[PDB]
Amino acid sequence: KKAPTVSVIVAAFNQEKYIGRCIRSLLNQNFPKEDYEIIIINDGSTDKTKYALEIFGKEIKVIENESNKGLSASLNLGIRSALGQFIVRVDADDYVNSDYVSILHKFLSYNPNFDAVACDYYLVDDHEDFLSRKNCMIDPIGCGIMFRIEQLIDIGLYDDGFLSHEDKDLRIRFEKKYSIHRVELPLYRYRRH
C-alpha cells in the first residue's frame, strides 16, 4: 500500500448521536483516498458508537479500548498508529467541508515555512444550521489544526500526561517555538453544546 500523507484522529467516547455525520464528512473529502486515513479511537463506549463505526467497514481504521482510558491515552494510541506526516484531530461531534483536508494540506505542502495550519469555522447546532462564522485566531478551538508530526514530538507530544492538558495550555507549548497559520476559509464545523 501507499502510505497516506494525512492522518485524521478522532477520539470517541459515547458519541452515537454525532459520530455518523463526522465520519461521513471525513469520507466525503475531495482529497485522494490513498493520501489520507481516518483513525477513530472507540474509548470504551457503552452506547451504539461501536456499531456506528462498524457501519463504515474498512473505510476507517478503528482502535477499540475495552474500557474508558481517557482522552490523552486515546490520542496517544491514535497518533502512535498514524502513518501520515501531517496530523489533525477532529472532534466526534464536529464535521468538515469536503475541501477541508485538501486545502489545509496544500497550504502546508507549498509553504514549508508554515509550521501548522488551521482554518475558520462555523458554529453549528444539532441540525447542522450554521449559526455564525468564527475567526480561528480570535476564537481558537482545540481541534482542526493540521500539524507536522515531528514538530509535535519535538514539544513533548508523547510525554506522560501531555495530551490530557487544556487546549489553551497545549497551544502555548506549541507556540513557544512554532506558529499556527490561519487559512481564511470556513471549512470546519464546530458543534455548539
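Residue indices: 1-based, along the sequence shown.
- Averaged over their C-alpha atoms, the temperature factors of 27-35 and 145-153 are higher for 27-35.
- Per the PDB record, of the two stretches 70-78 and 112-120, 70-78 carries the greater mean B-factor over its C-alpha atoms.
- The entry lists a Cα temperature factor for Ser102 that places it in the lowest third of the chain's modelled residues.
- Among the modelled residues of its chain, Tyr178 has a C-alpha B-factor that falls in the lowest third, as given in the PDB entry.
- When the modelled residues of the chain are ordered by their C-alpha B factor, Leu163 lands in the middle third.
- Annotation for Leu131: C-alpha temperature factor in the highest third relative to the rest of the modelled chain, per the entry.
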